[PDB]
Amino acid sequence: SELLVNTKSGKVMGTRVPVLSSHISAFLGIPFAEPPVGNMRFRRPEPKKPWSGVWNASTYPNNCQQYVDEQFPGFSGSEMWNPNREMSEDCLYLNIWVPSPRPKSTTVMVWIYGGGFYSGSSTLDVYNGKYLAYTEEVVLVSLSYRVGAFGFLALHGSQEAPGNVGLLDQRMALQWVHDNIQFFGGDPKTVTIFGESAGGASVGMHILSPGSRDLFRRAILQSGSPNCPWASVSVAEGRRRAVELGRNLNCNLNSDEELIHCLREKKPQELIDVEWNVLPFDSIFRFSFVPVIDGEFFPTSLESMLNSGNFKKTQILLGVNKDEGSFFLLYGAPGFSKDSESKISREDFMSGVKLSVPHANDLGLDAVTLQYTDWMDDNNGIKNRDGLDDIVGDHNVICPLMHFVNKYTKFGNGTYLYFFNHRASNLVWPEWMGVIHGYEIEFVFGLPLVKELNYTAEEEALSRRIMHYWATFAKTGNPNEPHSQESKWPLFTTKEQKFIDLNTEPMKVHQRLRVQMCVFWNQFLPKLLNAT
Amino acid sequence: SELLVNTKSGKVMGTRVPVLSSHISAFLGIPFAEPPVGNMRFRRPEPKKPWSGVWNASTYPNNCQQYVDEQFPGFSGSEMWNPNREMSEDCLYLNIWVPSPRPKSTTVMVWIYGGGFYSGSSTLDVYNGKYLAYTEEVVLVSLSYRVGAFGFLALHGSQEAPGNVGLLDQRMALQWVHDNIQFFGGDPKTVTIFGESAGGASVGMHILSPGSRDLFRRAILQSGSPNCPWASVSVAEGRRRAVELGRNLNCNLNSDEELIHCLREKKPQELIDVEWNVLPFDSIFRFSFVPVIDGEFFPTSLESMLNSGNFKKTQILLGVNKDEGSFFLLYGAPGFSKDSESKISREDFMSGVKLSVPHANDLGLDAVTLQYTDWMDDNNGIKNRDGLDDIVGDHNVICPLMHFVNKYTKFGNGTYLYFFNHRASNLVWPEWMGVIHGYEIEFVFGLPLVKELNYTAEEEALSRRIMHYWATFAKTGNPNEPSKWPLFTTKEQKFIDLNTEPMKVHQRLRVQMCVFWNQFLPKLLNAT
Ligand SMILES: C[As+](C)(C)CCO[C@@H](c1ccccc1[N+](=O)O)C(F)(F)F
Ligand SMILES: C[As+](C)(C)CCO[C@@H](c1ccccc1[N+](=O)O)C(F)(F)F
Ligand SMILES: C[As+](C)(C)CCO[C@@H](c1ccccc1[N+](=O)O)C(F)(F)F
Ligand SMILES: C[As+](C)(C)CCO[C@@H](c1ccccc1[N+](=O)O)C(F)(F)F
Ligand SMILES: [Cl-]
């Protein structure tokens, strides 16, 4: 049977699912690690021990314990990102979509959801992997990993809560894929890991980490890169936060042993409820428990590894969306509302840049402000809104990614950069938010191909070319089909620095994506701040 | 006679001079102070001792000892600024242009030449005051003052070379006008001091200095203000340079009096020959001997005086020209040439910014560069040129003056700001240089009216209105006679363009770049 598979660990029974007037195979909730529960909470994940009999893999598994967004209850625009299954610590599972009839040894794509390393689920409606698998005939894998404290509590020196275990869960799902994807018609030698936001950062951390390097061939990073300011902390910062987490729950703080034993006695939701209390400053686009530069999963600073070319050499495809910042300003900055134009006064702009660049001293904030203010028209609420938007998106996403692409390229074997700037005709968020962080995803997953979701014809077409670029990149390492008559996404090179827009207009090639502002964020500000 | 005048210090005989198919009286080289020579070198000026008989004021006096420019021998665009008379240390004279028939108690305008405090003359063809006096019926005065070491050698604490004597010379010329201009038909209660560059700066120093306030009514500042980076130094920096001059002429440096007596024994040119060697940085738009914040001519810091409103409260009219920096890049920056578009490479740009902002550290230089560079097209030679042309102009002239204008307006009684962006049709300098530092002057003095100088008909008209604004301001404190030039206010910050096209009103003159230069960069440099 097409739906029964003999994996290394045990047998698996999938389910046939309809997809655009056809069908394909799905294997949902397949375990790839022993449940990280009880005294195992905060520990490195252990391989799932073999099982006898058939594993029912016909339904999505649990989502990991995480903070649920309740800003807009019942609003589809936000809840579309919330867990849609029972949360549980027993959440280490992956999902596979296999074309029917089963392919021989085809391209694999592994999806690593984002969500600031504090949230995310593999089961969301926007991650339904059937359309992409079916349309591009690839084997699509959806993995999961512990988020928040559960996946990132870092008490360096301790083997009970070493940190980076959520990144280690990802690696184990990858190893799983490497050991078994062949039984599903996938080529373990041609696996592309791709992810958005903390998912794009994860992908890049696997490109850097020596222990993850050989578990994949190529990589795709969307709206996130490993060196993002919010994607990692030092061992000290990691330890301070874990200690503060304990102080927040009246834990014994004599030793890591006692602190850790204490935390393992708290119910999940108890940790979640104080999770945000450990951050250094009041801010936006900052998350509590994230990867740590431990000298193990990450041998040295991300920067030195990047400067010395100490990373996996291969082809990467990555890009950003036009308004990566709006989502965050809406949730945590004064002046912004989802029920208005959110025109920002000069006062709100000032408090806004402070909430956005939390680590900056006075001189630093002055420089940012100077950088994003039109002093001829400084009371213009629209300019102030768009100004703060760009601040948040340039600082947290775009410039850190450009820094990364520019470094990676000196050593890599092929880079393709994109700027997604298409505002969906059916977006549920207000107009001022633009092409929001996370909204190219529905195009990558081909949701526009399901007529009942009301996308325009041209949107279906955009979705089809994006999936084709992705899959084609995945199979070959170049998004372009050889000897094709269509316009060509050119190679990004350190000398030319070319990239394309991704929208419904005919492709356009541009150069030096946001250089001005990125020269500021990547070179100048860092210096100004170092000078102190 | 109309040409014979009894002054307080003595009798003076002027001379009749033609002007636009007509005539007016001219009184040239009237002495307003004892020649500051010999033992008097570097000292405060002493009032001119009265004389018996009649003083021959029919020809221009000597120009003060100064570094003559030889960058372009023969070339008129540069030589028009060099001394056109013999240089001497006996150079403290002033010139008066009086309309004929002699007016009664009329408006006076006193001109103060510039040239970074190291040069300048009262006799240049472009300062001939006959056109302005005749056309507007004002008594026009051009005074002079010691420049370079002779006017600003500063060994604070000594009476042999206290510093600021050149500013004290200007002040004495003002006292003279105050005590005598009435005898020439001028109203001492309606004296306007105006000047450009070091001259525009001087004007502001007299607005600041308590000792100079009651000697004039109003002020006009052209492309210069007191707080310009190049217009002053501290008592220590002043002393450091004075000592370094001695070290350069192998002088005994045991004490101030000894160092001084030694500098007095040198021939004028010997001092001039080592003048630039005392600058601490390798740069442009920087001059060796300049005013010193001594606590006497200037009570406190220029800024504290500005913040506390400690200065003369009156009306002021000032402005800048579009391309202040070009003159300076041409002379001292690589890449620039009088005979080419002077397109600048990225490398000549980096060095050019280091030459323009000599005090800033690396972080500072980065902020400057970041600010004036278009990174999507960083190898554009024209943007690099125009870009460097703005740095030097914004830093040295435009932003220091906008800072001044905004501090002054908080306490003042009326501000009028202009932006001069017309390029003379007959300019001898290359197009890339634009509207150069000092070229509004020919318009303020109405040279466009003398037909043989070949200015367009519309340039004569631009000159005519500029002169009328100046004189009308001088006379009433408002350049408008009952299209208006609106008042500048801290809320609106309005100013006008001064060109051939119909007047246009703008707001917030170069606010973007000046927020950088006046607020951000200073802070950056202090912190780091
Ligand atoms: C494809 As998503 C990385 C789950 C887009 C939204 O997620 C952001 C976010 C940003 C600003 C406000 C709220 C949220 N949110 O609720 O998820 C965050 F934080 F997860 F990264
Ligand atoms: C006690 As809280 C007001 C959930 C700490 C941070 O809150 C952020 C936030 C809240 C929810 C998802 C993402 C973010 N963020 O990325 O900053 C914001 F925006 F509300 F301040
Ligand atoms: C009305 As003027 C203030 C005597 C014209 C420019 O003079 C500048 C200058 C700037 C750059 C190069 C050369 C010179 N120059 O020979 O005078 C300086 F220095 F006098 F102010
Ligand atoms: C030994 As030299 C080459 C007379 C030091 C300064 O020289 C300036 C300069 C020379 C003549 C008039 C004005 C300036 N200036 O304002 O900087 C420049 F430009 F030549 F370097
Ligand atoms: Cl003495």
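Chains as they are written, first to last, in the UniProt record's numbering: chain X, 25 to 556; chain U, 25 to 506, 511 to 556.
The beta carbon of each residue, even a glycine, is placed where N, CA and C say it ideally should be.
Cα-Cα, which of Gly458(U), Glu320(U) and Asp414(U) is closest to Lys362(U)?
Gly458(U)
Restricting to Cα atoms, I'd like to know which of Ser449(X), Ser182(X) and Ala173(X) is closest to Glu294(X).
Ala173(X)
According to DSSP, which residues form a beta bridge with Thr439(X)?
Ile340(X) and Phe516(X)
Can you find a C-beta in chain X that's less than 9 Å from the C-beta of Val344(U)?
no
Less than 8 Å between the CB of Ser249(X) and some heavy atom of ligand 1, yes or no?
no
In the structure shown, what three-state DSSP assignment does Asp402(X) receive?
coil
Report all residues from its chain with a CB closer than 7 Å to the CB of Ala225(U); omit the five preceding and five following residues, and keep chain order.
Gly248, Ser249, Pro250, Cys252 and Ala255
For the segment 213-232 of chain U against the segment 81-94 of chain U, do three or more pairs of beta-carbon atoms, one drawn from each stretch, fall closer than 8 Å, so that the two count as touching?
no
Got a sec: does ligand 5 put a non-hydrogen atom nearer than 8 Å to the Cβ of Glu184(U)?
yes
For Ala555(U), decide whether its Cβ has a neighbour in chain X, counting only Cβ atoms nearer than 9 Å.
yes
Per DSSP, what kind of secondary structure is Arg489(X) in: helix, strand or coil?
helix
Compare the C-beta of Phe544(X) against all C-beta atoms of chain U and say whether one is closer than 9 Å.
yes
Beta-ladder partner(s) of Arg242(X), from DSSP
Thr216(X)
Under 9 Å between C-beta atoms of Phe51(X) and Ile136(X)
no
List, in chain order, every chain U residue whose beta-carbon is nearer than 9 Å to that of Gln540(X).
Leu394, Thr397, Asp398, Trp399 and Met400
Does DSSP classify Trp300(X) as helix, strand or coil?
helix
Under 8 Å by Cβ, that's how I've got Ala185(X) and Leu177(X) pegged, so tell me the actual separation to the nearest angstrom.
5 Å
If I'm right that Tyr117(X) touches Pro55(X) with Cβ under 8 Å, what's the distance once you round it to whole angstroms?
5 Å
Determine the closest residue to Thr517(X) out of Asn385(X), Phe96(X), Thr439(X) and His446(X), with distance taken between C-alpha atoms.
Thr439(X)
Between which two residues does the alpha helix (DSSP H) containing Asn554(U) stretch?
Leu549 to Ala555
At a Cβ threshold of 9 Å, is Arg536(U) touching chain X?
yes
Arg67(X) burial status per 10 Å Cβ neighbour count (16 or more: buried)
buried
Distance, Cα to Cα, residue 510(U) vs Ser380(X)?
Not modelled: residue 510(U), which lies between 506 and 511, the two residues flanking a gap in chain U.
At the 9 Å Cβ level, is residue 567(U) part of the contact set with chain X, yes or no?
This structure gives no information on residue 567(U), because the portion of chain U shown stretches from 25 to 556.
Any idea if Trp494(U) is buried or exposed, counting beta-carbon neighbours within 10 angstroms, 16 or more meaning buried?
buried
Identify the continuous alpha helix (DSSP H) that holds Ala225(X) and give its terminal residues.
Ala222 to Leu232
Nearest-angstrom Cα distance between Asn502(X) and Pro382(X)?
39 Å
Please tell me whether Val132(X) and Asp211(X) are closer than 9 Å, where the distance is taken between their beta carbons.
yes
For ligand 5, I want to know if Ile284(U) counts as a neighbour, meaning its beta carbon is within less than 8 Å of at least one of the ligand's heavy atoms.
yes
With distances taken between CB atoms, is the gap from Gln194(X) to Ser166(X) smaller than 9 Å?
no
Those residues which DSSP pairs with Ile48(U) across a bridge
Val41(U) and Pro123(U)
As assigned by DSSP and simplified to three states, the class of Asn30(X)
strand
Could you tell me the distance, in whole angstroms, from the CA atom of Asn80(U) to the CA atom of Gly38(U)?
7 Å
Strictly under 9 Å for the Cβ-Cβ distance: is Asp525(U) near chain X by that measure?
no
Could you name the residues of the same chain whose beta carbon sits closer than 8 Å to that of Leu148(X), not counting the 5 residues immediately before and after it, in chain order?
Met104, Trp105, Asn108 and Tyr137
Taking Cβ to Cβ, would you say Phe335(X) is nearer than 9 Å to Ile231(X)?
yes
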